[PDB]
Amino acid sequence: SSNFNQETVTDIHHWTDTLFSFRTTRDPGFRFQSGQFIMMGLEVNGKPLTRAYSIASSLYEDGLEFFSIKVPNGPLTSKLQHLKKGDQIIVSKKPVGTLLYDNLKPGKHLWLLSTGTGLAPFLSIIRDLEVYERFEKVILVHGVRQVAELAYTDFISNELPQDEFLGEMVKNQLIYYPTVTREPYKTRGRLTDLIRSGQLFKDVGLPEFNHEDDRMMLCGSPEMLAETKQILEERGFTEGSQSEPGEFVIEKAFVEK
């Protein structure tokens, strides 16, 4: 109103029939921290129709980016799927979220554990110089059902290591670990199963989580997150907050409404 900026769509790409990304302009007033979410959506019948969305773009990029589900009868995404370049969206002005470095004690390895659209905030974090200064390795796990749901997989593997500003840090420090559950692919499984078997650690070449070295951000389905939270706490890791830095922090990629 006043609670929103209007932005224009500058590009759009559909990954699958349930996943798409788009880029927009960015109001010069807008600021956020990598990992945060805002309310995004459309003016519908002169009223805002908005939903929580992670900001997928890099923190000082002159533009915004969203990585979105398409839910066929979802009030927002049943509309938002039909976006075209030039269309208007609205974006709220007060970012929030728990996916923040300072909610974590200092460490050596940051594991970004995601399913589905829960990759979104991590697309911002892995484009933040700050993360590479704070952590010697950043391990991005992205778990999906189908190989075509590995949104950004060519960008992450092939383009991002060539970035002028981030490329050498990414070549040296980012370990990208896509995994698929329901189609043939070189890496298969749920990240829960891959942690319990030890397979994750063997494949990325790092030791099993330890209290001194390893920190985690989790973003994905409620079920993944409840199960992975139990895994980490059984291993002695504690949830961080702003008042008390811990070893992991959690954000839902969506809620079952």
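For every residue, the number given is its place in the sequence shown, counted from 1.
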Between 226 to 234 and 64 to 72, the record assigns the higher mean Cα B factor to 226 to 234
Stretch with higher mean Cα temperature factor, 103 to 111 vs 117 to 125, is 103 to 111
When the CA B-factors of 41, 28, 35, 198 are compared as recorded in the entry, which is the largest?
198
Candidate residues 87, 168, 149, 183, the one whose C-alpha B factor the record puts highest:
168
Third assignment of residue 220 from its chain's C-alpha B-factors:
lowest
Give the position of residue 79 by CA B-factor within its chain, expressed as the lowest, middle or highest third.
lowest
Record-listed C-alpha B factor of residue 204: chain third
highest
Residue 179 CA temperature factor, ranked by third within the chain:
lowest
Quick check on the deposited entry: does the C-alpha B-factor of residue 143 sit in the lowest, middle or highest third of its chain?
lowest
